[PDB]
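*Asks:* Quick one: this structure, given as structure tokens, is what I'll be asking you about.
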There are 2 protein chains.
Amino acid sequence: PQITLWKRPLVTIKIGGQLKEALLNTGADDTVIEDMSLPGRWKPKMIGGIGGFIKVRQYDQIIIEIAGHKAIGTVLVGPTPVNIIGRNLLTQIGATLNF
Amino acid sequence: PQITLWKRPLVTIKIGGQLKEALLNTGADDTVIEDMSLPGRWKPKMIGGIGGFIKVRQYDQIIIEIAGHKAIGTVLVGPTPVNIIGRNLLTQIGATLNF
Ligand SMILES: CC(C)CN(C[C@@H](O)[C@H](Cc1ccccc1)NC(=O)O[C@H]1CCOC1)S(=O)(=O)c1ccc(N)cc1
């Protein structure tokens, strides 16, 4: 699709069998999702946002559907205002910015 | 242009007579620029994301050139670690997400 930006670019994602809402976020390198159970091990990651740096859980090679497109990659889990899909997964679904 | 998301979507902007580098950010409601002086009245605002909140000054009816395109709108100014062009100005230059 072509998504205009008059409203928040919210899409439906599917991860761990659960449907959630997430924001398509070109301003984030990484993908951050609110607390949930994911399979396998995690490793520590520090990420920086507008308020500063926080610690999150990094799960690699997670299967996640994003607006109907399958991606498999790194998902960070931690305290976020909204689930955010970052460039690591936007590139997998073939997303570009155009004007 | 069509901007790939392999790297950060950074562009050159001109605001208040100054050239700056800024992130094209679909995940941001508003535009927020590292602290600088702007003309006219302002009011305080709190904005929050990863790492919590920061206090900023809200200036309305500010003209910015974004990669050569003039747009006008609200600009927030404060201690952001990165210059952010948010949806309120991305819409004005006709920016869309496509996949
Ligand atoms: C958290 C989202 C929902 C909203 N933000 C935009 C996001 O793109 C934000 C932009 C940014 C990048 C680097 C440093 C600081 C900020 N990226 C971000 O945090 O990257 C983290 C998460 C994964 O990778 C690292 S915001 O800055 O908090 C914000 C809030 C309100 C307004 N009016 C404007 C901006």
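Residue numbering restarts at 1 in every chain; chains get A, B, ... in the order shown in the structure tokens, and ligands count up from 1 in that same order.
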Please give the complete set of residues from chain B that DSSP, run on the backbone, assigns to strand (DSSP E), formatted as a PyMOL selection string.
*Replies:* chain B and resi 2-3+10-15+18-24+31-34+42-49+52-66+69-78+84-85+96-98
*Asks:* Could you list, as a PDB file with C-alpha atoms, in the first residue's frame, all the residues within 9 Å of ligand 1, counting only C-alpha atoms and all ligand atoms?
*Replies:*
```
ATOM      1  CA  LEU A  23       3.553   2.097  14.525  1.00  0.00           C
ATOM      2  CA  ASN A  25       8.707   4.049  12.475  1.00  0.00           C
ATOM      3  CA  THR A  26      11.379   5.295  10.059  1.00  0.00           C
ATOM      4  CA  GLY A  27      13.005   7.176  12.943  1.00  0.00           C
ATOM      5  CA  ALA A  28      14.029   3.990  14.732  1.00  0.00           C
ATOM      6  CA  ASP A  29      16.888   1.654  13.810  1.00  0.00           C
ATOM      7  CA  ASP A  30      15.330  -1.161  15.818  1.00  0.00           C
ATOM      8  CA  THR A  31      11.956  -2.698  16.568  1.00  0.00           C
ATOM      9  CA  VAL A  32      10.555  -2.409  20.104  1.00  0.00           C
ATOM     10  CA  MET A  46      20.880  -0.502  25.442  1.00  0.00           C
ATOM     11  CA  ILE A  47      18.839   1.759  23.193  1.00  0.00           C
ATOM     12  CA  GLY A  48      18.585   5.541  23.105  1.00  0.00           C
ATOM     13  CA  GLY A  49      15.311   7.394  22.679  1.00  0.00           C
ATOM     14  CA  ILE A  50      14.151  10.974  23.146  1.00  0.00           C
ATOM     15  CA  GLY A  51      14.391  10.769  26.942  1.00  0.00           C
ATOM     16  CA  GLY A  52      17.679   8.877  27.110  1.00  0.00           C
ATOM     17  CA  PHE A  53      18.967   5.291  27.158  1.00  0.00           C
ATOM     18  CA  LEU A  76      13.517  -5.796  21.337  1.00  0.00           C
ATOM     19  CA  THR A  80       7.660   1.722  25.029  1.00  0.00           C
ATOM     20  CA  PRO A  81       4.770   4.197  24.592  1.00  0.00           C
ATOM     21  CA  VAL A  82       3.633   2.195  21.563  1.00  0.00           C
ATOM     22  CA  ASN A  83       4.873  -0.876  19.678  1.00  0.00           C
ATOM     23  CA  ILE A  84       7.280   0.423  17.056  1.00  0.00           C
ATOM     24  CA  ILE A  85       8.438  -1.250  13.844  1.00  0.00           C
ATOM     25  CA  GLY A  86      11.914   0.029  13.052  1.00  0.00           C
ATOM     26  CA  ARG A  87      14.069   0.031   9.937  1.00  0.00           C
TER      27      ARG A  87
ATOM     28  CA  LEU B  23      15.684  12.436  10.366  1.00  0.00           C
ATOM     29  CA  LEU B  24      12.490  11.918   8.345  1.00  0.00           C
ATOM     30  CA  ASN B  25      10.403  10.331  11.067  1.00  0.00           C
ATOM     31  CA  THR B  26       7.073   8.631  10.413  1.00  0.00           C
ATOM     32  CA  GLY B  27       6.961   7.627  14.109  1.00  0.00           C
ATOM     33  CA  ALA B  28       6.761  11.201  15.380  1.00  0.00           C
ATOM     34  CA  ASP B  29       3.578  13.277  15.587  1.00  0.00           C
ATOM     35  CA  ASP B  30       5.511  16.542  15.757  1.00  0.00           C
ATOM     36  CA  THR B  31       8.784  17.968  14.475  1.00  0.00           C
ATOM     37  CA  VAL B  32      11.444  18.458  17.168  1.00  0.00           C
ATOM     38  CA  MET B  46       6.221  17.756  27.349  1.00  0.00           C
ATOM     39  CA  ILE B  47       6.913  15.014  24.804  1.00  0.00           C
ATOM     40  CA  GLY B  48       7.724  11.410  25.641  1.00  0.00           C
ATOM     41  CA  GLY B  49       9.136   8.280  24.073  1.00  0.00           C
ATOM     42  CA  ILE B  50      11.854   5.755  24.804  1.00  0.00           C
ATOM     43  CA  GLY B  51      13.651   6.878  27.947  1.00  0.00           C
ATOM     44  CA  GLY B  52      10.834   9.118  29.161  1.00  0.00           C
ATOM     45  CA  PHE B  53       9.888  12.775  28.649  1.00  0.00           C
ATOM     46  CA  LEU B  76       9.214  21.928  18.934  1.00  0.00           C
ATOM     47  CA  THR B  80      16.445  16.115  21.631  1.00  0.00           C
ATOM     48  CA  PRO B  81      19.516  14.018  20.749  1.00  0.00           C
ATOM     49  CA  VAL B  82      18.521  14.017  17.034  1.00  0.00           C
ATOM     50  CA  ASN B  83      16.720  16.512  14.752  1.00  0.00           C
ATOM     51  CA  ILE B  84      13.345  15.016  13.849  1.00  0.00           C
ATOM     52  CA  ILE B  85      10.974  15.912  11.005  1.00  0.00           C
ATOM     53  CA  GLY B  86       7.629  14.524  12.190  1.00  0.00           C
ATOM     54  CA  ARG B  87       4.320  13.840  10.441  1.00  0.00           C
TER      55      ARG B  87
END
```
*Asks:* RMSD over all C-alpha atoms, chain A superposed on chain B in order?
*Replies:*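 Pairing the C-alpha atoms in order and fitting gives 0.6 Å.
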*Asks:* Residues near residue 21 of chain A, anyone? I mean within 7 Å using only C-alpha atoms, not counting same-chain ones fewer than 4 positions away, as an NGL selection string.
*Replies:* :A and (10-13 or 83)
*Asks:* Restricted to N, CA and C atoms, what would the selected residues look like written as a compact mmCIF listing (two decimals), in the first residue's frame?
*Replies:*
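File written: out_23.txt
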```txt
# COMPACT_ATOMS: atom_id res chain seq x y z
N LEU A 10 -0.36 3.33 11.85
CA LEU A 10 -0.58 2.14 12.66
C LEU A 10 -0.99 0.97 11.78
N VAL A 11 -0.36 -0.18 12.00
CA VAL A 11 -0.72 -1.39 11.28
C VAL A 11 -0.94 -2.52 12.27
N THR A 12 -1.50 -3.61 11.77
CA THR A 12 -1.67 -4.80 12.59
C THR A 12 -0.44 -5.67 12.41
N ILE A 13 0.12 -6.12 13.52
CA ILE A 13 1.21 -7.10 13.47
C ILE A 13 0.76 -8.41 14.10
N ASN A 83 4.06 0.06 20.45
CA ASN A 83 4.87 -0.88 19.68
C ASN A 83 5.40 -0.18 18.45
```
*Asks:* With only C-alpha atoms as the atoms that count, which of B:64, B:14, B:54, B:38 lies nearest to chain A?
*Replies:* B:54
*Asks:* Using backbone DSSP assignments, extract all alpha helix (DSSP H) residues from chain B; output them as a list in words.
*Replies:*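 Reading the DSSP output for chain B, alpha helix (DSSP H) covers residues 87, 88, 89 and 90 of chain B.
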*Asks:* For atom CA of residue 4 of chain A and atom CA of residue 96 of chain B, quote the distance in Å rounded to one decimal.
*Replies:* 4.8 Å
*Asks:* Compile the contact shell of residue 61 of chain A as a PyMOL selection string: residues with an atom at most 9 Å away, counting only C-alpha atoms, same-chain residues fewer than 2 positions apart removed.
*Replies:* chain A and resi 59+63+72-75
*Asks:* Hey, can you spit out that residue selection with N, CA and C atoms as a tab-separated table (two decimals), in the first residue's frame?
*Replies:*
```tsv
chain	number	residue	atom	x	y	z
A	59	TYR	N	15.64	-10.29	21.39
A	59	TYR	CA	15.37	-11.62	20.86
A	59	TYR	C	15.69	-11.62	19.36
A	63	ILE	N	9.86	-14.60	14.24
A	63	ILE	CA	8.91	-14.50	13.13
A	63	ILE	C	7.78	-13.52	13.48
A	72	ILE	N	11.38	-11.95	9.53
A	72	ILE	CA	12.01	-12.74	10.57
A	72	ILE	C	13.28	-12.02	11.00
A	73	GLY	N	13.31	-11.55	12.24
A	73	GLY	CA	14.45	-10.75	12.67
A	73	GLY	C	14.39	-10.32	14.11
A	74	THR	N	15.18	-9.31	14.44
A	74	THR	CA	15.41	-8.97	15.83
A	74	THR	C	14.28	-8.14	16.40
A	75	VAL	N	13.78	-8.56	17.55
A	75	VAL	CA	12.72	-7.82	18.22
A	75	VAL	C	13.24	-7.49	19.61
```
*Asks:* So that I can see what lies close to residue 35 of chain A, please list as a PDB file with N, CA, C and O atoms, in the first residue's frame the residues with an atom at most 8 Å from it, counting only C-alpha atoms and leaving out residues fewer than 4 positions away in the same chain.
*Replies:*
```
ATOM      1  N   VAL A  77      12.327  -6.104  23.433  1.00  0.00           N
ATOM      2  CA  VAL A  77      11.150  -6.082  24.295  1.00  0.00           C
ATOM      3  C   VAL A  77      11.448  -5.222  25.515  1.00  0.00           C
ATOM      4  O   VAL A  77      12.465  -5.405  26.194  1.00  0.00           O
ATOM      5  N   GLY A  78      10.574  -4.252  25.771  1.00  0.00           N
ATOM      6  CA  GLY A  78      10.829  -3.262  26.801  1.00  0.00           C
ATOM      7  C   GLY A  78       9.725  -2.220  26.870  1.00  0.00           C
ATOM      8  O   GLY A  78       8.761  -2.275  26.094  1.00  0.00           O
ATOM      9  N   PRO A  79       9.864  -1.260  27.796  1.00  0.00           N
ATOM     10  CA  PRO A  79       8.858  -0.214  28.030  1.00  0.00           C
ATOM     11  C   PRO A  79       8.836   0.827  26.922  1.00  0.00           C
ATOM     12  O   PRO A  79       9.750   1.637  26.788  1.00  0.00           O
TER      13      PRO A  79
END
```
*Asks:* So the first atom is atom CA of residue 34 of chain B and the second is atom CA of residue 88 of chain B; what is the distance between them in Å, to one decimal place?
*Replies:* 17.1 Å
*Asks:* Pick out the closest residue to chain B from this set: A:44, A:17, A:68, A:94. Count only C-alpha atoms.
*Replies:*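 Checking each of A:44, A:17, A:68, A:94 against chain B, counting only C-alpha atoms, the winner is A:94.
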*Asks:* I'd like the neighbourhood of residue 93 of chain A as a list in words, where a residue qualifies if any of its atoms comes within 9 Å (using only C-alpha atoms), though same-chain residues fewer than 5 positions away should be ignored.
*Replies:*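 The residues that qualify are residues 66, 69, 70 and 71 of chain A; 99 of chain B.
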*Asks:* I need the residues from that last selection saved to file as a PDB file, in the first residue's frame (with N, CA, C and O atoms), if you can.
*Replies:*
```
ATOM      1  N   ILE A  66       3.798  -8.258   9.535  1.00  0.00           N
ATOM      2  CA  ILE A  66       3.620  -6.817   9.614  1.00  0.00           C
ATOM      3  C   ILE A  66       2.772  -6.404   8.430  1.00  0.00           C
ATOM      4  O   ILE A  66       3.222  -6.509   7.287  1.00  0.00           O
ATOM      5  N   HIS A  69       2.827  -8.847   5.708  1.00  0.00           N
ATOM      6  CA  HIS A  69       4.121  -9.248   5.151  1.00  0.00           C
ATOM      7  C   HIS A  69       4.936  -9.960   6.219  1.00  0.00           C
ATOM      8  O   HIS A  69       5.027  -9.461   7.338  1.00  0.00           O
ATOM      9  N   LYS A  70       5.522 -11.112   5.890  1.00  0.00           N
ATOM     10  CA  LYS A  70       6.295 -11.855   6.892  1.00  0.00           C
ATOM     11  C   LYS A  70       7.720 -11.346   6.971  1.00  0.00           C
ATOM     12  O   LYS A  70       8.388 -11.135   5.953  1.00  0.00           O
ATOM     13  N   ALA A  71       8.173 -11.142   8.197  1.00  0.00           N
ATOM     14  CA  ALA A  71       9.555 -10.798   8.448  1.00  0.00           C
ATOM     15  C   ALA A  71      10.069 -11.767   9.493  1.00  0.00           C
ATOM     16  O   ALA A  71       9.284 -12.376  10.219  1.00  0.00           O
TER      17      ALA A  71
ATOM     18  N   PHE B  99       5.003   0.139   0.433  1.00  0.00           N
ATOM     19  CA  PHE B  99       5.508  -1.231   0.350  1.00  0.00           C
ATOM     20  C   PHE B  99       4.464  -2.119  -0.308  1.00  0.00           C
ATOM     21  O   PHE B  99       3.477  -1.601  -0.831  1.00  0.00           O
TER      22      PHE B  99
END
```
*Asks:* For residue 98 of chain B, find every residue with an atom within 6 Å (counting only C-alpha atoms), except residues of its own chain fewer than 2 positions away, and show them as a PyMOL selection string.
*Replies:* chain A and resi 1-2+95-96
*Asks:* Would you please work out which residue, of B:15, B:3, B:56, B:62, is nearest to chain A when using only C-alpha atoms?
*Replies:*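 Comparing B:15, B:3, B:56, B:62 against chain A, the winner is B:3.
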